[PDB]
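Student: Sharing a structure here in C-alpha coordinates format.
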(Lines of atoms letter the chains of each structure in order from A; the text may use other names.)
(Lines give C-alpha, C1' and ligand atoms only; values in the text may rest on other atoms or scores of the structure.)
Protein backbone atom coordinates (compact mmCIF):
# COMPACT_ATOMS: atom_id res chain seq x y z
CA UNK A 1 0.00 0.00 0.00
CA UNK A 2 0.97 3.65 -0.65
CA UNK A 3 3.89 2.52 -2.82
CA UNK A 4 2.16 2.11 -6.17
CA UNK A 5 -0.22 4.72 -4.95
CA UNK A 6 2.51 7.32 -4.43
CA UNK A 7 3.50 7.24 -8.10
CA UNK A 8 -0.11 7.43 -9.23
CA UNK A 9 -0.77 10.18 -6.69
CA UNK A 10 2.10 12.15 -8.19
CA UNK A 11 0.32 11.48 -11.47
CA UNK A 12 -2.99 12.72 -10.04
CA UNK A 13 -1.39 15.92 -8.70
CA UNK A 14 0.94 16.86 -11.57
CA UNK A 15 -1.32 15.51 -14.29
CA UNK A 16 -4.97 16.39 -14.97
CA UNK A 17 -7.28 13.57 -13.88
CA UNK A 18 -9.09 14.19 -17.16
CA UNK A 19 -6.28 12.10 -18.69
CA UNK A 20 -7.96 8.94 -17.42
CA UNK A 21 -11.44 10.18 -18.25
CA UNK A 22 -11.42 12.02 -21.57
CA UNK A 23 -7.75 12.16 -22.44
CA UNK A 24 -6.11 15.27 -23.88
CA UNK A 25 -3.23 14.98 -21.43
CA UNK A 26 0.49 15.78 -21.98
CA UNK A 27 2.92 12.91 -22.55
CA UNK A 28 4.63 13.66 -19.24
CA UNK A 29 1.54 12.15 -17.64
CA UNK A 30 2.31 8.84 -19.34
CA UNK A 31 5.89 8.62 -18.10
CA UNK A 32 4.97 9.86 -14.63
CA UNK A 33 5.47 6.24 -13.65
CA UNK A 34 8.62 5.13 -15.53
CA UNK A 35 9.08 2.35 -13.01
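Numbering (the deposited numbering), first residue to last: 1 to 35.
Note that CB positions come from ideal geometry on N, CA and C, so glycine has one too.
Note the first and the last residue of the continuous alpha helix (DSSP H) segment covering residue 4.
Tutor: 3-14
Student: If the criterion is Cβ atoms closer than 8 Å, does the pair residue 33 and residue 15 meet it?
Tutor: no
Student: Does DSSP classify residue 29 as helix, strand or coil?
Tutor: In the structure shown, residue 29 sits in a helix (DSSP, three-state: H, G or I).
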